[PDB]
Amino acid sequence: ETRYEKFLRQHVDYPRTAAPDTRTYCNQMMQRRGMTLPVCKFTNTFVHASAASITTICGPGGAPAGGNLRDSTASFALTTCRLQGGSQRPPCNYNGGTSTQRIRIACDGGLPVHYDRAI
């Protein structure tokens, strides 16, 4: 898996996957996307924009933010999932919120490789 593919798998959900509520969205998506084995990932943001929309952050669609970090020009629909309690052992239960925010990602060679935070 390329670092780019890992970024899409972990952080890109577009169009947004339908779910009954955000807790269920998080529970389903964290598992579907490979983030609950072998341990529960503590937190993860899904960005609801295309790979192309996010990739431009690394170039004309974003701005330098120190080191290899870039801030997006655009605000994006986001869902943020945070693990209930503190244990890495499954079962992995999540809570979640949604927002519309600019984002700060790490780029390498013009492509996204990590999600840093919402701005």
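Each residue number is its position in the shown sequence, starting from 1.
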**Asked** When the C-alpha temperature factors are averaged for each of 80-88 and 27-35, which stretch ends up with the higher value in the entry?
**Response** 80-88
**Asked** Taking only the CA atoms, which stretch has the higher mean B-factor in the record, 71-79 or 37-45?
**Response** 37-45
**Request:** Name the one of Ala106, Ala19, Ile103, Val12 with the greatest CA B-factor according to the PDB entry.
**Result:** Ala19
**Among modelled residues of the same chain, the CA temperature factor third for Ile119** = highest
**Complete:** Of the three thirds of the chain ranked by Cα temperature factor, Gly62 occupies the lowest
